[PDB]
Amino acid sequence: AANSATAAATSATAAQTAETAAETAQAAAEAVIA
Amino acid sequence: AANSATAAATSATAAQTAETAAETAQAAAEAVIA
Amino acid sequence: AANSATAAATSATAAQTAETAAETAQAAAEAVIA
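Residues numbered from 1 in each chain as written, not as in the entry; some residues may be left out. Chains lettered and ligands numbered in written order. Part of a larger assembly, values for the part shown. Heavy atoms only, no water.

Bringing the overall build of chain A into the picture now. If you tally the helices and strands in chain A, you get 1 helix and 0 strands. In terms of overall dimensions, chain A has a C-alpha envelope of 50 × 5 × 5 Å along the principal axes. Buried residues in chain A amount to 29% of all 34 residues. With an accessible surface of roughly 1,900 Å², chain A has 65% of that area assigned to carbon and sulfur atoms. (Helix = DSSP H or I, 4+ residues; strand = E, 2+ residues; numbered from the N terminus. Buried < 20%, exposed > 50% of the residue type's maximum accessible area, 1.4 Å probe, protein only. Areas by Shrake-Rupley, 256 points an atom, 1.4 Å probe, with all protein chains shown as cover.)

Quick look at the structure:
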């Protein structure tokens with residue numbers, strides 16, 4: 001399942017990048033508001 | 001991988017929720033400034 | 001199969017969320033605060 005493994009790795013990388021972007025966005029928004 | 005796909009989907013949902021929160025905060029700031 | 005399609009969709013959504021958060025959530029909020 002090389003194709004499935006590559007898809008899983010890409011999905012995990014995208015998930016990590018999205019989570020990091022979301023956390024910085026929320027931190028910046030709450031810092032600006034507060 | 002089904003587990004990887006589910007993790008990617010839930011991470012995308014969390015990122016979308018955080019982005020909506022950031023957009024709401026930005027809209028509130030824009031209403032204040034404008 | 002559909003694993004590649006969902007991986008690509010998740011990657012695109014993560015990239016869009018990161019791009020939106022970089023400018024609208026951080027740069028814009030900093031602009032209002034400055």
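Attention shifts here to the relation of the copies chain B and chain A. Both copies of the chain are related through a single rotation about an axis accompanied by a shift along the same axis. Superposing chain B onto chain A requires a rotation of 178° together with a translation of 7.2 Å along the rotation axis, leaving an RMSD of 0.8 Å. The residues that chain B uses at the interface reappear at the interface of chain A in 78% of cases, marking a shared surface. (Least-squares fit on C-alpha atoms. Contact = heavy atoms within 4.5 Å.)

This part is about the packing of helix α1 (residues 2–33) of chain B against helix α1 (residues 2–33) of chain C. How two helices pack is summed up by the angle between their axes together with the distance between the axes. Two numbers describe how α1 of chain B lies on α1 of chain C: the axes approach to 10 Å, and their chain directions differ by 25°. Classified by the interaxial angle, the pair formed by α1 of chain B and α1 of chain C is roughly parallel. The handedness of the crossing between α1 of chain B and α1 of chain C comes out as left-handed. Here α1 of chain B contributes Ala8, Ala9, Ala12, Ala15, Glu19, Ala22, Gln26, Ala29, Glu30 and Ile33 of chain B to the contact with α1 of chain C, which in turn contributes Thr10, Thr13, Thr17, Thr20, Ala21, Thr24, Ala25, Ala28 and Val32 of chain C. Residues belonging to the contact of α1 of chain B with α1 of chain C are distributed by class as follows: 11 nonpolar, 6 polar and 2 charged. (Axes fitted to C-alpha atoms, helices over the stretch in contact; angles between N-to-C directions. Parallel < 35°, antiparallel > 145°, perpendicular 65-115°, else oblique. Left-handed = near helix turned anticlockwise from the far one by under 90°. Nonpolar A, V, L, I, M, F, W, Y, C, P; charged D, E, K, R; others polar.)

It is common to give the size of an interface as the accessible area lost on bringing the parts into contact. Counting from both sides, the interface comprises 9 residues of chain B and, opposite them, 10 residues of chain A. When chain B packs against chain A, close to 720 Å² is buried across both sides, 76% of that on carbon and sulfur atoms. Inspection of the chain B/chain A interface yields 0 salt bridges. The interface formed by chain B and chain A contains 0 residue pairs in polar contact. Of the residues belonging to the side of chain B that touches chain A, the class tally is 7 nonpolar, 2 polar and no charged. (Buried area = accessible area lost by both parts, 1.4 Å probe. Salt bridge = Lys/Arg side-chain N within 4 Å of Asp/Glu carboxyl O. Polar contact = N/O pair within 3.5 Å; in protein donor to acceptor, adjacent residues only side chain to side chain.)

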